[PDB]
Chemist: 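Structure in structure tokens, see below.
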Amino acid sequence: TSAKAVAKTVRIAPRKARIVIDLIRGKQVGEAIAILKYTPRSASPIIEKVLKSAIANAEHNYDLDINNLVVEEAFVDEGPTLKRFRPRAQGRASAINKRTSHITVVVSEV
Amino acid sequence: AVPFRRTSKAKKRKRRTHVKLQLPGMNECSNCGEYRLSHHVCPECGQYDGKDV
Amino acid sequence: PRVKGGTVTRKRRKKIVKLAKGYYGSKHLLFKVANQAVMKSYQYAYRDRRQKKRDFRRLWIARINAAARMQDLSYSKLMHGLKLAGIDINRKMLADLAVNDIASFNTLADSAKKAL
Amino acid sequence: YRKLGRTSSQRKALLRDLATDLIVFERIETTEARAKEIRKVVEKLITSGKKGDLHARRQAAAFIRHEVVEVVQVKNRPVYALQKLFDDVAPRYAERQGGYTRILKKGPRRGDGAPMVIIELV
RNA sequence: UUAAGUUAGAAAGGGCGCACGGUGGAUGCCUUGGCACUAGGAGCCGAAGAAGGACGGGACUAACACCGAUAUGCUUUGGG
RNA sequence: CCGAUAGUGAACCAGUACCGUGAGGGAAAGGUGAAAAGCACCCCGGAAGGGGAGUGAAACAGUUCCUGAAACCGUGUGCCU
RNA sequence: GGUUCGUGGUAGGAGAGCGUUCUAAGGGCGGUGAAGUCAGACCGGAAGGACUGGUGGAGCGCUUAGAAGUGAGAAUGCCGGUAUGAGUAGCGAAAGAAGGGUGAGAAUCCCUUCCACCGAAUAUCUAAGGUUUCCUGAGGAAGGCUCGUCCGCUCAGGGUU
Ligand SMILES: [Mg+2]
Ligand SMILES: [Mg+2]
Ligand SMILES: [Mg+2]
Ligand SMILES: [Mg+2]
Ligand SMILES: [Mg+2]
Ligand SMILES: [Mg+2]
Ligand SMILES: [Mg+2]
Ligand SMILES: [Mg+2]
Ligand SMILES: [Mg+2]
Ligand SMILES: [Mg+2]
Ligand SMILES: [Mg+2]
Ligand SMILES: [Mg+2]
Ligand SMILES: [Mg+2]
Ligand SMILES: [Mg+2]
Ligand SMILES: [Mg+2]
Ligand SMILES: [Mg+2]
Ligand SMILES: [Mg+2]
Ligand SMILES: [Mg+2]
Ligand SMILES: [Mg+2]
Ligand SMILES: [Mg+2]
Ligand SMILES: [Zn+2]
């Protein structure tokens, strides 16, 4: 069996979240957490909570062994975009996409 | 000045081959038994590896 | 009564996009470039049904030329020989003899030499 | 030597500020580049300390900030950073030839990723 | 072993196919709302203060609806 | 005759919001379920969010919640490079 | 029913048709799963049509005829969505530092000290204009070009003699 956790509609552009989620995909959960701890990105602490939720879910809902867990899947999906405007020169207003992310992490026993 | 053609998906993906993070340079401690950056103080033990601070 | 555009447009564009399966990038996804790609694929296929018949006759002739030169004939002499001999075996068949049973091909080239 | 994203006066002000802080608190958390400049400036002040002359006192007093460290109590007289450098800090490195500071690497700061270090005496 | 020759495999990334997701709100189904008419009625309100408003009124009230310091209603006659 | 880009500008507190000194211009925006039975309790989390448990025919119906196409964004991998 | 001569085609003429919505009549399908939607290696000379399986959860075909808001790839079309450029330009004149605190979290909030800037102003009043932005407590979704425990922001209560 395998445990899932998702952080839906996180304010954090998917691109910025994917560049970090790519480091943990397939690692042991112990190592993965350390990688997130020493990877100085805005995505890191957000992805850590999802990954730690996945591990809690795997330990409490499915009695799996938290010492034998690898991150099986980890992906970031696009959430709904907040549309904003930045006033530019000559009265013109340029669009700003405040993008959101669905961060999913799946842990599996091995 | 401006893009003559839109960049294709394949081409955009090829440009990003290199836009990526490197794994942190970290190892397990002796005292802590936990991960840490080499040449940094380990905050789990609350010291520099085994050397107390 | 009002007739809204419903279903028929999607059904017609999706058929065309499916015919563009395997094409590079946008050519297998987007109706407008898919439609051009499919039109062009049909045009090439129509042209290449004619070109395929020419292509194979050139391949047979090259192989007969080879098999005939191993008998000290050129293709031009052998085919003249067979016409004079009365033999009506076509190039697809000779080319197959010249690969599969060279003994038979040599027998036909013998008939050719005799007619010359 | 490092320009620390400052003009010449700003930088000289920053090195005077950090130097005094290191003499007053004996341990400060600052950026790596700042900490690699301070170690030069502070170890020169400690050298003037160990010298102990009036001349040396007046070289240090031209650099060290006029910060009250503490108020001791004899009539409670305040003790200035300059007195703490000649009366407390320097004499505790009397038989150490150089290397009065050590930089420990701590880790990057949340807000700007700046590499942070603890710089401390001994 | 030396020499000469031939051929394999590889993926930083990429392509095609497939599977599974996300986003997005097309499509279908639906209807509280509209559109055009028909038949009949009615075709005016105002100094006895109009049309249209403002501010108020609830136990708490931002809005809508209702009401006017007798204010989320009063009297009465019938219905139920 | 229309069936939510249609039909009124307006199915929704619309001549509203918004724009304009003003006259004036003028939108977008419908659908949980038969019933709230609208997720007790546990777990990670500061919260958001999630995973269980439960309700329900269905929750991949979870308070903007019928269906949920395409662009576009990803993960995996059979063949190729 | 067969012979003969034909069958490139723009503007354009002529013909026969496919499909869409609605009506009538007839005959049907459908909670044992309608329309829609997804998929497929099926069928027809074309427009097109089936069949099977998934999703969906209530309507829909077929025949003959009738009627039309009846078919889109182009209009620098209109509206919506989403790309590309790109993790790029930019982040809007300026001096900060450390210590202490607060807090889940601090370059960015609070306090302290030092430092620096304006000083015929970057100070103090007052009119206009704005109209609650003022004060206190709570908050951190959105707004703030970063962050945020903070705020001219959100929520409550207050406050002008
Ligand atoms: Mg302007
Ligand atoms: Mg020929
Ligand atoms: Mg100067
Ligand atoms: Mg009564
Ligand atoms: Mg409308
Ligand atoms: Mg609709
Ligand atoms: Mg839905
Ligand atoms: Mg011809
Ligand atoms: Mg013709
Ligand atoms: Mg229908
Ligand atoms: Mg039309
Ligand atoms: Mg278009
Ligand atoms: Mg560029
Ligand atoms: Mg550049
Ligand atoms: Mg730059
Ligand atoms: Mg600025
Ligand atoms: Mg002056
Ligand atoms: Mg205030
Ligand atoms: Mg922010
Ligand atoms: Mg606050
Ligand atoms: Zn340690």
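Naming convention: chains lettered A, B, ... in sequence-line order (proteins, then strands); numbering from 1 in each chain. Keep in mind that the numbers below use all heavy atoms, side chains included, and drop hydrogens, waters and symmetry copies.
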Chemist: Among G/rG81, E/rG13, G/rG96, find the nucleotide with the atom closest to the side chain of B/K14.
Modeler: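 From the listed options, E/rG13 comes nearest.
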Chemist: Is there a side chain to side chain donor-acceptor pair (under 3.5 Å) between A/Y38 and A/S44 once you walk through the steps?
Modeler: CA-CA 9 Å; A/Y38 298 118; A/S44 288; over 6 Å; no
Chemist: Side-chain donor or acceptor of A/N61 under 3.5 Å from a matching atom on the base of F/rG51?
Modeler: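 Per atom types, the contact qualifies.
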Chemist: With the side chain of A/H60 defined as its heavy atoms from C-beta on, choose the nearest nucleotide among G/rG144, F/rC43, F/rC1.
Modeler: F/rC43
Chemist: What's the closest nucleotide to the side chain of D/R109 if the choices are G/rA107, E/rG14, F/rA6?
Modeler: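 Comparing G/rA107, E/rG14, F/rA6 against the side chain of D/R109, the answer is G/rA107.
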Chemist: Please state yes or no: are the six-membered rings of G/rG53 and G/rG54 less than 5.5 angstrom apart at their centres, with planes tilted under 30 degrees?
Modeler: yes
Chemist: Using a 4.0 Å heavy-atom cut-off, does C/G22 contact any base of the nucleic acid, only the sugar-phosphate backbone, or nothing at all?
Modeler: sugar-phosphate
Chemist: Starting the side chain at C-beta, find the nucleotide from G/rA107, G/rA97, F/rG46 nearest to A/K49.
Modeler: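 Out of G/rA107, G/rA97, F/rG46, the nucleotide with an atom closest to A/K49's side chain is F/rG46.
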Chemist: Want to settle it: does A/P80 or A/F75 sit nearer the 5' end of RNA chain E, counting the closest nucleotide to each?
Modeler: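 By nearest-heavy-atom nucleotide position, the 5'-most residue is A/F75.
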Chemist: From the set G/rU82, G/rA142, E/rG17, return the single nucleotide nearest to any side-chain atom of A/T81.
Modeler: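 Taking heavy atoms from C-beta onward, the closest nucleotide is G/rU82.
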Chemist: Out of G/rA98, E/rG14, G/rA83, which nucleotide sits closest to the side chain of B/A10?
Modeler: E/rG14
Chemist: With sugar-phosphate meaning primed atoms plus P, OP1 and OP2, does B/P3 contact a base, only sugar-phosphate, or nothing at under 4.0 Å between heavy atoms?
Modeler: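 Sugar-phosphate: the residue B/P3, judged by heavy atoms under 4.0 Å, touches backbone atoms but no base.
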Chemist: On RNA chain F, compare the nucleotides closest to B/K12 and A/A7; which residue's is nearer the 5' end?
Modeler: A/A7
Chemist: So what does D/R110 touch, heavy atoms closer than 4.0 Å: a base, only the sugar-phosphate, or nothing?
Modeler: sugar-phosphate
Chemist: Would you indicate, yes or no, if G/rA86 has its OP1 or OP2 atom less than 4.0 angstrom from a side-chain nitrogen or oxygen of A/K16?
Modeler: no
Chemist: To the side chain of A/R86, which of G/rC115, F/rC72, G/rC145 is closest?
Modeler: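 Of the options given, the side chain of A/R86 lies nearest G/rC145.
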Chemist: Taking a pair to be Watson-Crick or G-U wobble with both distances under 3.5 Å, do E/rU23 and E/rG5 qualify?
Modeler: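 Donor-acceptor distances not both below 3.5 Å, so no.
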Chemist: Among the candidates G/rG85, G/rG73, G/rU21, find the nucleotide nearest to the side-chain atoms of C/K32.
Modeler: G/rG73
Chemist: Is it true that D/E37 and D/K40 have a side-chain N and a carboxylate O under 4.0 angstrom from each other?
Modeler: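 A salt bridge is present here (some side-chain N lies under 4.0 Å from a carboxylate O).
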Chemist: G/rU70, OP1 or OP2 - any side-chain N/O from C/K4 closer than 4.0 Å?
Modeler: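 Looking at the OP1 and OP2 atoms of G/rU70, neither is under 4.0 Å from any side-chain N or O of C/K4.
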Chemist: Under 4.0 Å between any heavy atoms, over every strand shown, what does B/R5 touch: base, sugar-phosphate, or nothing? Just pick one.
Modeler: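 If one applies the 4.0 Å heavy-atom cut-off, B/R5 turns out to touch nothing in the nucleic acid.
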Chemist: Counting just side-chain N and O atoms, does A/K4 come under 4.0 Å of either OP1 or OP2 of F/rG52?
Modeler: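 Checking A/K4 against F/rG52: no side-chain N or O falls below 4.0 Å of OP1 or OP2.
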Chemist: Assign C/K27 to base, sugar-phosphate, or nothing according to its heavy-atom contacts below 4.0 angstrom with the strands shown.
Modeler: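 Touches nothing.
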Chemist: Does B/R16, at its CZ atom, have more than 12 non-hydrogen atoms belonging to other residues, nucleotides or ligands within less than 6.0 Å?
Modeler: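 It does: B/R16 CZ has more than 12 such atoms within range.
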Chemist: So A/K83, base contact, sugar-phosphate only, or nothing? Heavy-atom distance under 4.0 Å.
Modeler: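 Sugar-phosphate: the residue A/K83, judged by heavy atoms under 4.0 Å, touches backbone atoms but no base.
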Chemist: Pull up the glycosidic torsion of E/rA71 and say syn or anti, syn being anything within 90° of 0.
Modeler: anti
Chemist: For C/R13, report the nucleic acid contact type (base, sugar-phosphate, nothing); a contact means any heavy atom under 4.0 Å.
Modeler: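 Answer is sugar-phosphate: C/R13 comes under 4.0 Å of backbone atoms only.
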Chemist: Give a yes/no answer on whether the side chain of C/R12 brings an N or O atom under 4.0 Å of OP1 or OP2 in F/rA70.
Modeler: no
Chemist: Take atom P in F/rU63 and the same atom in F/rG31, then report the distance between them in whole Å.
Modeler: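 13 Å, rounded to whole Å.
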Chemist: Tell me which nucleotide, if any, is Watson-Crick or G-U wobble paired with F/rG76 when both distances must be under 3.5 Å.
Modeler: E/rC18
Chemist: Please check the phosphate of E/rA12 (OP1 and OP2 only) for any side-chain N or O of B/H18 closer than 4.0 Å.
Modeler: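 Checking E/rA12 against B/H18, no side-chain N or O comes under 4.0 Å of OP1 or OP2.
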Chemist: Answer yes or no: is there a side-chain heavy-atom contact under 4.5 Å between D/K50 and D/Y100?
Modeler: yes
Chemist: In this structure, are E/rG73 and E/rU72 stacked, using the six-membered base rings with centres under 5.5 Å and planes under 30°?
Modeler: no
Chemist: G/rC147 on G/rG148: ring centres under 5.5 Å and planes under 30 degrees?
Modeler: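 G/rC147/G/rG148: stacking flag true.
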Chemist: Go ahead and name the base partner of G/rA65; Watson-Crick or wobble counts if both distances stay under 3.5 Å, otherwise write none.
Modeler: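 Result: G/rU23.
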Chemist: Quantified in whole Å, what is the P atom distance between nucleotide G/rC79 and nucleotide G/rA75?
Modeler: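 The same atom, P, in both gives a distance of 14 Å.
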Chemist: Would you kindly check if the NZ (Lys) or CZ (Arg) of C/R50 is within the cone defined by 45 degrees around the ring axis of C/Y46 and under 6.0 Å from the six-membered ring centre?
Modeler: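 Judged by the rule, C/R50 and C/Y46 form a cation-pi pair.
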Chemist: Of the nucleotides G/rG143, G/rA97, F/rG51, which has the atom closest to the D/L18 side chain?
Modeler: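 Nearest to the side chain of D/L18 among the choices is G/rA97.
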Chemist: Go ahead and name the base partner of G/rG159; Watson-Crick or wobble counts if both distances stay under 3.5 Å, otherwise write none.
Modeler: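 Pairing partner, where one exists within any strand: none, as none qualifies.
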Chemist: If we define stacking as six-membered ring centres under 5.5 angstrom apart and planes under 30 degrees, are the neighbouring bases F/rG62 and F/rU63 stacked?
Modeler: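 Flagged as non-stacked, criteria not both satisfied.
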Chemist: Taking the side chain of C/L29 as heavy atoms from C-beta outward, which of F/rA71, G/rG85, G/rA98 is closest to it?
Modeler: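 Minimum distance to the C/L29 side chain belongs to F/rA71.
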Chemist: Are C/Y75 and C/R91 linked by a side-chain donor-acceptor pair shorter than 3.5 Å?
Modeler: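 Yes, because at least one side-chain N or O of C/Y75 sits under 3.5 Å from a partner of the opposite role on C/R91.
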Chemist: Paired with F/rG54 by Watson-Crick or G-U wobble geometry, both distances under 3.5 Å: which nucleotide is it?
Modeler: none
